[PDB]
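Novice: Sharing a structure with you now.
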There are 2 protein chains.
Amino acid sequence: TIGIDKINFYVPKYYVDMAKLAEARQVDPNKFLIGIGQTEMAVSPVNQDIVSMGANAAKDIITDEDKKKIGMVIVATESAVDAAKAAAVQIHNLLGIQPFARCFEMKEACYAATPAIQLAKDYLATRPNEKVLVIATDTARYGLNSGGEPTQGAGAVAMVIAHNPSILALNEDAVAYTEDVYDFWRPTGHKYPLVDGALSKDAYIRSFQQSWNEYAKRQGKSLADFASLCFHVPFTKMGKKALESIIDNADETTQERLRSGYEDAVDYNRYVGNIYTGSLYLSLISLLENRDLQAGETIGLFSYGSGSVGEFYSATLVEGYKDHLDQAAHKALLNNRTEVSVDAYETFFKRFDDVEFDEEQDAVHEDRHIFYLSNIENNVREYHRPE
Amino acid sequence: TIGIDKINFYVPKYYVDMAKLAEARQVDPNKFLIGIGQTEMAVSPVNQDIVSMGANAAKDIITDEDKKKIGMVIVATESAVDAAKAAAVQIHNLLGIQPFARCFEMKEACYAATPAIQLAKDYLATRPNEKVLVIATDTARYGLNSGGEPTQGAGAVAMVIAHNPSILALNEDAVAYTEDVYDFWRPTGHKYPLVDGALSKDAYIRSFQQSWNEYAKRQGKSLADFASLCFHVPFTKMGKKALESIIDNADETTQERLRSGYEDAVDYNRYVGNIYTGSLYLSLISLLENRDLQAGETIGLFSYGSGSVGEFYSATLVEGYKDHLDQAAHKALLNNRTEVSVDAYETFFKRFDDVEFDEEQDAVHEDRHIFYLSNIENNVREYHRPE
Ligand SMILES: CC(C)(COP(=O)([O-])OP(=O)([O-])OC[C@H]1O[C@@H](n2cnc3c(N)ncnc32)[C@H](O)[C@@H]1OP(=O)([O-])[O-])[C@@H](O)C(=O)NCCC(=O)NCCSC(=O)C[C@@](C)(O)CC(=O)[O-]
Ligand SMILES: CC(=O)CC(=O)SCCNC(=O)CCNC(=O)[C@H](O)C(C)(C)COP(=O)(O)OP(=O)(O)OC[C@H]1O[C@@H](n2cnc3c(N)ncnc32)[C@H](O)[C@@H]1OP(=O)(O)O
């Protein structure tokens with residue numbers, strides 16, 4: 001068996017209340033709270049870039065034996081800080097992983113972490129003694145008062161792929177679907193994405209339907225075979241709509257089960273926002289910790305990336321996986337964050353666009369036990385490492 | 001076995017003579033002709049972006065039947081035109097490849113095409129009826145009157161990976177070496193890379209030495225076991241220096257063989273320049289066509305990417321591979337190119353920086369049988385397709 005042996009996520013220590021943003025934005029809060037289904041939005045302090053966030057997600061799950069057995073570090077992102085250098089090189093360094101490993105990035109909007117773990121599995125096929133570290137790290141920024149602003153978020157998800165995994169076994173049924181469309185994209189030079197809101201909803205659902213249909217055809221399966229589905233989450237309601245568009249043909253028992261699983265799946269996401277490549281996987285953690293799925297049961301996953309590329313595959317829960325999750329820590333991570341006014345949020349957002357450091361505003365003193373961008377000198381990013 | 005079944009490259013129809021650039025830059029021509037080992041530099045017309053170049057390199061080697069079997073289209077590049085949408089999506093569209101395929105970019109300077117074909121191989125282990133299309137496409141631009149300018153170039157290399165390859169079988173002996181260093185990089189926003197000239201030379205050589213040494217140890221092999229070696233080529237002398245720093249230990253017969261093989265390997269690169277991710281693979285085509293290696297003989301390859309990541313692996317020639325290469329087309333591609341003065345060159349260059357269209361300067365009417373960027377409306381690139 002080969003699959004997700006360890007998994008974890010990290011989000012920045014700040015967040016803005018969606019009800020507060022709605023008011024500040026002069027809109028019905030329920031448009032956010034219910035309409036798109038988001039309650040709290042992660043706010044990025046300058047001392048947290050995709051590298052530090054990435055390192056932070058991975059630090060709590062990487063052991064010494066892991067550092068010795070990891071043969072590849074893959075970073076999925078659409079929030080790259082370098083046009084050439086893979087953020088995976090810095091993370092590999094910060095984490096102290098053994099030198100003889102491949103380090104690179106994969107890019108395709110919100111889709112990239114999927115081909116990373118899937119190809120990681122393929123790589124491990126004949127390497128039972130090796131492991132692979134996949135990191136999804138991104139900052140979803142649309143710009144103040146923009147259409148996509150309410151769906152913004154930032155964070156990272158780290159996954160350790162290996163043989164005889166403790167949590168999930170990746171099955172051999174993945175099928176991808178590519179369709180050239182301009183629902184969302186970010187031409188070089190643009191700080192923020194260009195987006196056709198309505199079309200992005202249609203593109204997502206179509207990609208999901210095509211992928212699922214072909215999957216169902218190739219594997220001779222139906223929704224009833226799944227304990228629960230897990231989707232890429234730009235905002236909780238997006239996946240809800242996509243799910244609804246196909247479960248009508250399913251039985252009432254199946255409809256109730258998948259509808260319930262979905263809620264557990266998007267529990268964490270509601271308090272973070274879109275984290276691009278990591279959204280699906282943050283949702284997977286939420287599902288694994290908020291639901292009591294039994295070992296042996298199968299989960300169906302749909303990965304999406306605007307542009308667009310979609311993919312559906314399954315994974316089976318390993319015996320005793322509950323003993324390898326960190327629900328308490330994750331609950332704490334979200335709860336122990338500090339709320340910031342819409343005003344402060346906008347200040348943070350502006351400073352971030354220019355990487356304007358400020359140990360006081362970012363409250364750098366509090367981050368003694370984590371990785372953070374401490375400074376940029378001579379176009380080189382420097383990082384503080386967990387004391 | 002699994003490996004490179006088909007391989008081809010494309011470079012733009014323009015080039016500037018290096019002796020000329022030397023005069024213009026008020027330097028001794030030999031500094032470029034001999035010093036760095038470059039004779040003709042590829043010049044990018046605006047109507048050729050990484051997408052059109054990529055498609056052009058691939059169009060000649062994929063049959064209608066292949067479009068049905070290709071399961072993944074991976075593009076390696078550090079010259080992306082979108083921070084989110086993978087160029088692999090547009091190419092997949094332009095080539096008419098079947099819809100159920102993964103499309104994405106891999107990024108890590110000039111190293112990226114290597115993990116792409118290597119993981120392409122692992123992916124095919126389970127799918128004997130599928131193929132994988134890997135495309136290295138880049139525009140090495142340092143800036144007029146810059147240190148790196150003499151090593152500039154542009155082009156793309158397409159490789160079809162499949163079972164029972166017609167040209168080269170990729171062996172299972174690859175070993176990568178990562179080391180966080182700032183020899184070359186390009187922070188988001190910078191049109192041109194930042195580079196530590198000298199340091200980049202030491203970084204390249206160190207990565208090759210550390211990669212080879214470990215490879216030799218793990219495989220219990222030595223330079224004498226190789227018919228020839230192939231290296232990433234920023235400029236022909238760079239590989240020469242790297243090879244020389246390691247062959248001293250070898251016997252006279254091995255040194256003579258590998259020195260000759262190297263010259264055949266860099267024959268084409270001398271008239272094109274650095275094409276980043278595609279350099280090593282353009283060199284592989286040069287070696288395959290200019291040398292007369294026999295079936296069963298083994299080639300040693302070193303892939304490098306500033307940042308840095310290095311990898312050494314081997315490949316074994318397949319009987320009859322010569323009949324699967326397009327030496328004529330290639331020889332013609334380089335020779336049938338049109339020359340341009342250092343003046344025309346600099347105008348082309350400045351126009352490229354802002355994608356300033358001009359069907360007269362770019363002589364678009366001559367490109368009826370190829371793909372090319374014909375316009376950009378509403379931030380969306382449009383392309384002309386082979387008549
Ligand atoms: C998300 C949109 C489209 C929203 O755009 P919007 O105009 O701000 O909000 P809306 O007008 O479209 O409607 C919001 C929802 O709330 C409801 N509503 C209305 N008023 C109220 C009220 N008072 N109380 C309760 N409910 C209310 C309303 O009915 C609607 O529900 P729906 O009709 O869809 O069922 C926009 O912000 C946007 O473009 N966001 C970003 C795009 C995006 O996330 N796309 C989703 C799929 S594409 C994807 O996931 C890929 C992506 C985005 O990650 C890119 C990548 O891969 O990198
Ligand atoms: C870039 C990537 O893709 C990643 C990599 O491969 S990293 C390794 C390669 N690095 C690069 O390609 C970086 C880009 N290029 C550069 O930084 C620079 O242009 C360069 C380092 C390639 C050359 O720098 P330069 O200062 O312009 O020329 P310089 O270093 O002074 O010398 C050029 C060579 O010609 C020789 N030379 C000088 N004048 C000469 C003349 N008139 N006749 C003949 N030879 C001459 C020099 O001796 C030197 O050779 P050696 O190093 O073997 O002695």
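Labels for the structure tokens follow display order: chains A, B, ..., residues from 1 in each chain, ligands from 1.
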Just list the residues in stretch 63-120 of chain B DSSP gives helix (DSSP H, G or I) on the backbone, as an MDAnalysis selection string.

Specialist: chainID B and resid 64:69 87:94 113:120

Novice: For chain B against chain A, which residues fall within 7 Å using only C-alpha atoms, given as a PDB file with N, CA, C and O atoms, in the first residue's frame?

Specialist:
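Result saved to part19.pdb:
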```pdb
ATOM      1  N   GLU B  78      10.845  28.097 -16.884  1.00  0.00           N
ATOM      2  CA  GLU B  78      11.143  29.098 -15.874  1.00  0.00           C
ATOM      3  C   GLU B  78      10.882  30.426 -16.558  1.00  0.00           C
ATOM      4  O   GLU B  78      11.312  31.478 -16.082  1.00  0.00           O
ATOM      5  N   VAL B  81       4.253  32.409 -18.659  1.00  0.00           N
ATOM      6  CA  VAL B  81       3.483  33.575 -19.062  1.00  0.00           C
ATOM      7  C   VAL B  81       2.259  33.739 -18.165  1.00  0.00           C
ATOM      8  O   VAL B  81       1.504  34.704 -18.298  1.00  0.00           O
ATOM      9  N   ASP B  82       2.053  32.786 -17.257  1.00  0.00           N
ATOM     10  CA  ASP B  82       0.931  32.870 -16.326  1.00  0.00           C
ATOM     11  C   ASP B  82       1.400  32.329 -14.984  1.00  0.00           C
ATOM     12  O   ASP B  82       2.146  31.346 -14.920  1.00  0.00           O
ATOM     13  N   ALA B  83       0.985  32.987 -13.910  1.00  0.00           N
ATOM     14  CA  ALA B  83       1.385  32.563 -12.579  1.00  0.00           C
ATOM     15  C   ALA B  83       0.506  31.423 -12.081  1.00  0.00           C
ATOM     16  O   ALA B  83       0.841  30.760 -11.102  1.00  0.00           O
ATOM     17  N   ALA B  84      -0.609  31.188 -12.770  1.00  0.00           N
ATOM     18  CA  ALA B  84      -1.547  30.149 -12.363  1.00  0.00           C
ATOM     19  C   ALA B  84      -1.829  29.095 -13.431  1.00  0.00           C
ATOM     20  O   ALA B  84      -1.701  27.907 -13.177  1.00  0.00           O
ATOM     21  N   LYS B  85      -2.212  29.530 -14.623  1.00  0.00           N
ATOM     22  CA  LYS B  85      -2.524  28.599 -15.696  1.00  0.00           C
ATOM     23  C   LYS B  85      -1.285  27.960 -16.313  1.00  0.00           C
ATOM     24  O   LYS B  85      -0.435  28.655 -16.862  1.00  0.00           O
ATOM     25  N   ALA B  86      -1.197  26.636 -16.229  1.00  0.00           N
ATOM     26  CA  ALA B  86      -0.058  25.905 -16.787  1.00  0.00           C
ATOM     27  C   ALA B  86      -0.063  25.976 -18.318  1.00  0.00           C
ATOM     28  O   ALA B  86      -1.079  25.702 -18.955  1.00  0.00           O
ATOM     29  N   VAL B  89      -1.735  23.368 -20.539  1.00  0.00           N
ATOM     30  CA  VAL B  89      -3.144  23.347 -20.937  1.00  0.00           C
ATOM     31  C   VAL B  89      -3.329  23.871 -22.368  1.00  0.00           C
ATOM     32  O   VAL B  89      -4.019  23.247 -23.177  1.00  0.00           O
ATOM     33  N   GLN B  90      -2.722  25.014 -22.687  1.00  0.00           N
ATOM     34  CA  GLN B  90      -2.860  25.584 -24.033  1.00  0.00           C
ATOM     35  C   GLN B  90      -2.247  24.683 -25.098  1.00  0.00           C
ATOM     36  O   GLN B  90      -2.807  24.526 -26.183  1.00  0.00           O
ATOM     37  N   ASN B  93      -4.322  21.734 -25.813  1.00  0.00           N
ATOM     38  CA  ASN B  93      -5.427  22.153 -26.673  1.00  0.00           C
ATOM     39  C   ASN B  93      -4.948  22.259 -28.122  1.00  0.00           C
ATOM     40  O   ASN B  93      -5.514  21.638 -29.025  1.00  0.00           O
ATOM     41  N   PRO B  99      -8.863  14.599 -24.092  1.00  0.00           N
ATOM     42  CA  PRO B  99      -9.260  15.272 -22.850  1.00  0.00           C
ATOM     43  C   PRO B  99      -8.939  14.688 -21.473  1.00  0.00           C
ATOM     44  O   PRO B  99      -8.741  15.450 -20.520  1.00  0.00           O
ATOM     45  N   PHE B 100      -8.883  13.364 -21.349  1.00  0.00           N
ATOM     46  CA  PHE B 100      -8.626  12.753 -20.045  1.00  0.00           C
ATOM     47  C   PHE B 100      -7.143  12.630 -19.732  1.00  0.00           C
ATOM     48  O   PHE B 100      -6.595  11.537 -19.602  1.00  0.00           O
ATOM     49  N   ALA B 101      -6.500  13.782 -19.596  1.00  0.00           N
ATOM     50  CA  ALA B 101      -5.080  13.825 -19.309  1.00  0.00           C
ATOM     51  C   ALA B 101      -4.734  14.918 -18.306  1.00  0.00           C
ATOM     52  O   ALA B 101      -5.443  15.924 -18.191  1.00  0.00           O
ATOM     53  N   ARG B 102      -3.644  14.711 -17.574  1.00  0.00           N
ATOM     54  CA  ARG B 102      -3.179  15.702 -16.615  1.00  0.00           C
ATOM     55  C   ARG B 102      -2.315  16.700 -17.382  1.00  0.00           C
ATOM     56  O   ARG B 102      -1.519  16.301 -18.231  1.00  0.00           O
ATOM     57  N   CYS B 103      -2.468  17.987 -17.077  1.00  0.00           N
ATOM     58  CA  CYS B 103      -1.664  19.033 -17.711  1.00  0.00           C
ATOM     59  C   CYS B 103      -1.152  19.965 -16.613  1.00  0.00           C
ATOM     60  O   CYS B 103      -1.940  20.498 -15.836  1.00  0.00           O
ATOM     61  N   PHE B 104       0.162  20.144 -16.533  1.00  0.00           N
ATOM     62  CA  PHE B 104       0.727  21.032 -15.526  1.00  0.00           C
ATOM     63  C   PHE B 104       2.179  21.394 -15.803  1.00  0.00           C
ATOM     64  O   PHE B 104       2.835  20.796 -16.663  1.00  0.00           O
ATOM     65  N   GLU B 105       2.676  22.386 -15.075  1.00  0.00           N
ATOM     66  CA  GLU B 105       4.056  22.818 -15.219  1.00  0.00           C
ATOM     67  C   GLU B 105       4.903  22.351 -14.044  1.00  0.00           C
ATOM     68  O   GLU B 105       4.403  22.146 -12.933  1.00  0.00           O
ATOM     69  N   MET B 106       6.188  22.154 -14.305  1.00  0.00           N
ATOM     70  CA  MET B 106       7.135  21.801 -13.255  1.00  0.00           C
ATOM     71  C   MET B 106       8.132  22.952 -13.347  1.00  0.00           C
ATOM     72  O   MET B 106       8.432  23.429 -14.442  1.00  0.00           O
ATOM     73  N   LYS B 107       8.637  23.402 -12.208  1.00  0.00           N
ATOM     74  CA  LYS B 107       9.559  24.518 -12.208  1.00  0.00           C
ATOM     75  C   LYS B 107      10.671  24.374 -11.177  1.00  0.00           C
ATOM     76  O   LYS B 107      10.427  24.019 -10.028  1.00  0.00           O
ATOM     77  N   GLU B 108      11.893  24.631 -11.633  1.00  0.00           N
ATOM     78  CA  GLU B 108      13.115  24.612 -10.826  1.00  0.00           C
ATOM     79  C   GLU B 108      14.251  24.915 -11.795  1.00  0.00           C
ATOM     80  O   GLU B 108      15.028  24.038 -12.165  1.00  0.00           O
ATOM     81  N   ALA B 109      14.307  26.173 -12.227  1.00  0.00           N
ATOM     82  CA  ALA B 109      15.336  26.632 -13.141  1.00  0.00           C
ATOM     83  C   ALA B 109      15.476  25.701 -14.343  1.00  0.00           C
ATOM     84  O   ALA B 109      14.476  25.321 -14.960  1.00  0.00           O
ATOM     85  N   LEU B 119       9.476  11.100 -13.791  1.00  0.00           N
ATOM     86  CA  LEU B 119       8.213  10.775 -13.148  1.00  0.00           C
ATOM     87  C   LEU B 119       7.209  10.360 -14.210  1.00  0.00           C
ATOM     88  O   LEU B 119       6.207   9.710 -13.917  1.00  0.00           O
ATOM     89  N   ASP B 122       7.721   6.672 -14.219  1.00  0.00           N
ATOM     90  CA  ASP B 122       7.080   6.000 -13.088  1.00  0.00           C
ATOM     91  C   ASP B 122       5.565   5.928 -13.285  1.00  0.00           C
ATOM     92  O   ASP B 122       4.918   4.959 -12.890  1.00  0.00           O
ATOM     93  N   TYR B 123       5.006   6.963 -13.895  1.00  0.00           N
ATOM     94  CA  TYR B 123       3.573   7.014 -14.149  1.00  0.00           C
ATOM     95  C   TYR B 123       3.150   5.909 -15.118  1.00  0.00           C
ATOM     96  O   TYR B 123       2.096   5.292 -14.956  1.00  0.00           O
ATOM     97  N   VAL B 175      19.864   9.812  -9.448  1.00  0.00           N
ATOM     98  CA  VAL B 175      20.120  10.326  -8.113  1.00  0.00           C
ATOM     99  C   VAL B 175      20.252  11.841  -8.206  1.00  0.00           C
ATOM    100  O   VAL B 175      21.047  12.370  -8.984  1.00  0.00           O
ATOM    101  N   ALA B 176      19.447  12.542  -7.420  1.00  0.00           N
ATOM    102  CA  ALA B 176      19.469  13.994  -7.424  1.00  0.00           C
ATOM    103  C   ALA B 176      20.219  14.525  -6.213  1.00  0.00           C
ATOM    104  O   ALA B 176      20.386  13.825  -5.216  1.00  0.00           O
ATOM    105  N   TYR B 177      20.660  15.774  -6.308  1.00  0.00           N
ATOM    106  CA  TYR B 177      21.393  16.417  -5.232  1.00  0.00           C
ATOM    107  C   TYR B 177      20.943  17.863  -5.120  1.00  0.00           C
ATOM    108  O   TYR B 177      21.145  18.658  -6.045  1.00  0.00           O
ATOM    109  N   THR B 178      20.341  18.200  -3.982  1.00  0.00           N
ATOM    110  CA  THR B 178      19.854  19.551  -3.745  1.00  0.00           C
ATOM    111  C   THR B 178      20.733  20.288  -2.739  1.00  0.00           C
ATOM    112  O   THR B 178      21.195  19.712  -1.760  1.00  0.00           O
ATOM    113  N   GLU B 179      20.953  21.570  -2.989  1.00  0.00           N
ATOM    114  CA  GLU B 179      21.762  22.385  -2.104  1.00  0.00           C
ATOM    115  C   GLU B 179      21.284  23.826  -2.255  1.00  0.00           C
ATOM    116  O   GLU B 179      21.347  24.394  -3.344  1.00  0.00           O
ATOM    117  N   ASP B 180      20.783  24.403  -1.163  1.00  0.00           N
ATOM    118  CA  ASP B 180      20.273  25.774  -1.188  1.00  0.00           C
ATOM    119  C   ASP B 180      21.406  26.753  -1.442  1.00  0.00           C
ATOM    120  O   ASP B 180      22.287  26.922  -0.600  1.00  0.00           O
ATOM    121  N   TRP B 185      18.799  33.253  -9.891  1.00  0.00           N
ATOM    122  CA  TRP B 185      17.396  33.251  -9.492  1.00  0.00           C
ATOM    123  C   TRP B 185      16.701  34.491 -10.041  1.00  0.00           C
ATOM    124  O   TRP B 185      17.367  35.422 -10.503  1.00  0.00           O
ATOM    125  N   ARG B 186      15.371  34.502 -10.009  1.00  0.00           N
ATOM    126  CA  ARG B 186      14.613  35.627 -10.551  1.00  0.00           C
ATOM    127  C   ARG B 186      13.345  35.909  -9.748  1.00  0.00           C
ATOM    128  O   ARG B 186      12.266  35.410 -10.066  1.00  0.00           O
ATOM    129  N   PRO B 187      13.466  36.728  -8.694  1.00  0.00           N
ATOM    130  CA  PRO B 187      12.328  37.079  -7.845  1.00  0.00           C
ATOM    131  C   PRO B 187      11.153  37.565  -8.677  1.00  0.00           C
ATOM    132  O   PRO B 187      11.338  38.180  -9.726  1.00  0.00           O
ATOM    133  N   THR B 188       9.943  37.271  -8.212  1.00  0.00           N
ATOM    134  CA  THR B 188       8.741  37.694  -8.913  1.00  0.00           C
ATOM    135  C   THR B 188       8.860  39.188  -9.192  1.00  0.00           C
ATOM    136  O   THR B 188       9.248  39.961  -8.311  1.00  0.00           O
ATOM    137  N   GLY B 189       8.544  39.587 -10.417  1.00  0.00           N
ATOM    138  CA  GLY B 189       8.627  40.989 -10.773  1.00  0.00           C
ATOM    139  C   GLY B 189       9.808  41.337 -11.663  1.00  0.00           C
ATOM    140  O   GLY B 189       9.704  42.220 -12.521  1.00  0.00           O
ATOM    141  N   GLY B 307      19.995  27.129  -7.926  1.00  0.00           N
ATOM    142  CA  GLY B 307      19.126  27.144  -6.764  1.00  0.00           C
ATOM    143  C   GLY B 307      19.521  26.372  -5.517  1.00  0.00           C
ATOM    144  O   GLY B 307      19.360  26.899  -4.422  1.00  0.00           O
ATOM    145  N   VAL B 309      19.601  22.315  -7.871  1.00  0.00           N
ATOM    146  CA  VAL B 309      19.271  20.895  -7.868  1.00  0.00           C
ATOM    147  C   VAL B 309      19.982  20.230  -9.045  1.00  0.00           C
ATOM    148  O   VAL B 309      19.935  20.730 -10.172  1.00  0.00           O
TER     149      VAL B 309
END
```

Novice: May I have the residues within 8 Å of ligand 2, computed using only C-alpha atoms and all ligand atoms, as a PyMOL selection string?

Specialist: chain B and resi 27-36+109-110+142+146-151+183-184+195-198+200-204+232-235+237-238+241+274-277+304-306

Novice: Just the number, please: distance in Å from atom CA of residue B:173 to atom CA of residue B:315, one decimal.

Specialist: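 Answer for the atom CA of residue B:173 to atom CA of residue B:315 separation: 9.3 Å.
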
Novice: Atom CA of residue A:371 and atom CA of residue A:55, how far apart in Å?

Specialist: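 Computed distance, atom CA of residue A:55 to atom CA of residue A:371, equals 6.6 Å.
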
Novice: Which residues in stretch 85-251 of chain A does DSSP call strand (DSSP E or B)? List them as a PyMOL selection string.

Specialist: chain A and resi 102-108+110+131-140+153-163+168-170+175-178+184-185+187+194-195+228-231

Novice: So, counting only C-alpha atoms and all ligand atoms, which residue among A:131, A:240, A:6, A:69 is closest to ligand 1?

Specialist: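 When distances to ligand 1 are compared using only C-alpha atoms and all ligand atoms, the smallest one comes from A:240.
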
Novice: One decimal, Å: what's the distance from atom CA of residue B:358 over to atom CA of residue B:144, could you say?

Specialist: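 Atom CA of residue B:144 lies at a distance of 20.8 Å from atom CA of residue B:358.
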
Novice: Applying 12 Å and only C-alpha atoms, which residues near residue A:350 remain after dropping the ones on its own chain fewer than 2 positions away? List them as a PyMOL selection string.

Specialist: chain A and resi 43-46+141+143-144+191+343-348+352-357

Novice: Give me, as a list in words, all polymer residues having an atom no more than 8 Å from residue B:384, counting only C-alpha atoms and skipping those fewer than 3 positions away in the same chain.

Specialist: residues 370, 371, 372, 373 and 374 of chain B

Novice: Residues as selected, C-alpha atoms, written as a compact mmCIF listing (two decimals), in the first residue's frame, can you do that?

Specialist:
```txt
# COMPACT_ATOMS: atom_id res chain seq x y z
CA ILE B 370 3.57 26.38 -37.62
CA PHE B 371 1.98 27.57 -34.38
CA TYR B 372 2.61 31.18 -33.36
CA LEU B 373 1.28 33.85 -31.01
CA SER B 374 -0.94 35.99 -33.22
```
